[PDB]
Amino acid sequence: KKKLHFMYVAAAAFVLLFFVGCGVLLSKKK
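Taking the entry's author numbering, the leading residue of the sequence shown gets 1731, the next gets one more, and so forth.
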């Protein structure tokens, strides 16, 4: 469970780079 608290939050910070790359995809949808 502790892994979901710290080891996880640390992920949401890095993995964010993959979620931000989709931003352009949405703005492209027309």
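The beta carbon of each residue, even a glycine, is placed where N, CA and C say it ideally should be.
| Asked | Found |
| --- | --- |
| Three-state secondary structure (DSSP) of residue 1682 | Lying outside 1731 to 1760, the shown extent of the chain, residue 1682 is not represented and no answer is given. |
| CA-to-CA distance, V1754 to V1745, given in whole angstroms | 17 Å |
| Close Cβ partners of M1737 (< 7 Å) along its chain, the five nearest in sequence each way excluded | none |
| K1758 to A1740 span [Cα, whole Å] | 30 Å |
| Limits of the alpha helix (DSSP H) - the one that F1736 falls within | Premise fails: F1736 is in no alpha helix (DSSP H) and is neither H nor E. |
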